[PDB]
Amino acid sequence: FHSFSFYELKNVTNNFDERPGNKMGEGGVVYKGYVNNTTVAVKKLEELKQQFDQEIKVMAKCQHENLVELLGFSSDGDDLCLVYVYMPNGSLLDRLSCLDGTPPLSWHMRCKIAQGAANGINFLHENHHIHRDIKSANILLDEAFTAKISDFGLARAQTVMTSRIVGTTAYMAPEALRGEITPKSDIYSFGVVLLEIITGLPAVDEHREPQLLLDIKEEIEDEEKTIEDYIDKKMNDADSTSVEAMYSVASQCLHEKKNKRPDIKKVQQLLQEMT
Ligand SMILES: COC(=O)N1CCN([C@H]2CC[C@H](Nc3ncnc4ccc(C#N)cc34)CC2)CC1
């Protein structure tokens, strides 16, 4: 990776222009820039340095079509910047909420994104990495709306435990909330992402009943609700067979027992059969 000068980065971003005009960031703060006349994303950041070091270490060995591409970094400055190829269509989270007036994603786009995200996670697991923060805010979208997994700062290379429990509560598997580190926890988080794709609903909403999205799985299983009551209404091209095939994958990912969950290869294979 290229070791960019802080002065070069500090100014490809107009002295880190906090007005939306270079800012956007919510990772770390992300700024848009231009280096070797490539549009770039400059993410400006103690334990923060450890997450910076881990980001470069994971990015060094993990290069895939469904993972963000790190181009460089800056450390000899004031301080800690990570340079990536810019993702013009932002996050899956933002696009699901139609932030800033963007059109809703079609079912066809959503199927290609679920498939892409799964291929990205499969690569990580084959390369013996546990992401630990799988969520729609960490699924980025390029110029063709190709899903790219991001944020490897908390990544690790069952039976493993930690005294510093990390991740996003609304996406976390029960064992992850207790400190276990397992690739099975990434499967659970991906199940929540599949529910976000089907429903267009965020994983957590304080002003909603139920507050947590994963709670709909029980409403459907108790015959209290159907997946059809929850399908995002901002689509015209969804069909029952593929929505049901995707919900069945999400439901399997969301098994409370980590051992009963499918592996990423099974998930990837099921989403492929869905199309
Ligand atoms: C009020 O709230 C907003 O306006 N919001 C919500 C947060 N959003 C995100 C900001 C960061 C952005 N992140 C990025 N954007 C482009 N390219 C990238 C390449 C790599 C990486 C990484 N690792 C990150 C990137 C994704 C969207 C922007 C709108």
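Index from 1, following the sequence. Both ligands and their constituent atoms are indexed starting at 1 by order of listing. Below, each value reflects all heavy atoms present in this structure, side chains not excepted, and no hydrogens, waters or symmetry copies.
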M24 heavy atoms, cut-off 4.0 Å: which ligand 1 atoms fall inside? 10 (C), 15 (N), 28 (C)
Ligand 1 to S150, heavy atom cutoff 4.0 Å, flagged ligand atoms 23 (N)
Does some side-chain heavy atom of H131 sit less than 4.5 Å from a side-chain heavy atom of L124? yes
Near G25, which atoms of ligand 1 are under 4.0 Å from a heavy atom of that residue? 10 (C), 11 (C)
Closest to atom 27 (C) of ligand 1 among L99, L140, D94 (heavy-atom distance): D94
Which residue supplies the protein heavy atom nearest to atom 13 (N) of ligand 1, what is that atom called, and how far is it? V30 CG2, 3.9 Å
Closest non-hydrogen protein atom to atom 1 (C) of ligand 1, residue and atom name please, with distance? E26 OE2, 3.8 Å
Within a strict 4.5 Å, meaning less than it, do heavy atoms of the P104 and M235 side chains meet? no
Any salt bridge between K135 and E196, counting N to O under 4.0 Å? no
Got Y171 and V193 here, is their nearest side-chain heavy-atom distance under 4.5 Å? yes
Do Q51 and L154 touch side chain to side chain, with heavy atoms closer than 4.5 Å? yes
Under 4.0 Å from a heavy atom of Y86: which atoms of ligand 1 are those, numbered in the order shown and with their elements? 16 (C), 17 (N)
Evaluate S91 for polar contact with ligand 1, using N/O atom pairs at a separation under 3.5 Å. no
Is it the case that ligand 1 has an N or O less than 3.5 angstrom from some N or O of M87? yes
4.5 Å side-chain heavy-atom contact, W107 and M246: yes
Report yes or no: do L48 and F52 belong to one cluster of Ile/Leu/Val/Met/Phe/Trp/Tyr joined by side chain heavy-atom distances under 4.5 Å? yes
For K43, is at least one N or O under 3.5 Å away from an N or O on ligand 1? yes
As an exercise, identify every atom of ligand 1 less than 4.0 angstrom from a heavy atom of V85. 19 (C)
Mark up the atoms of ligand 1 that fall under 4.0 Å of a heavy atom belonging to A41, in ascending order. 17 (N), 18 (C), 19 (C)
Carboxylate-amine/guanidinium contact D232 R110, below 4.0 Å: yes
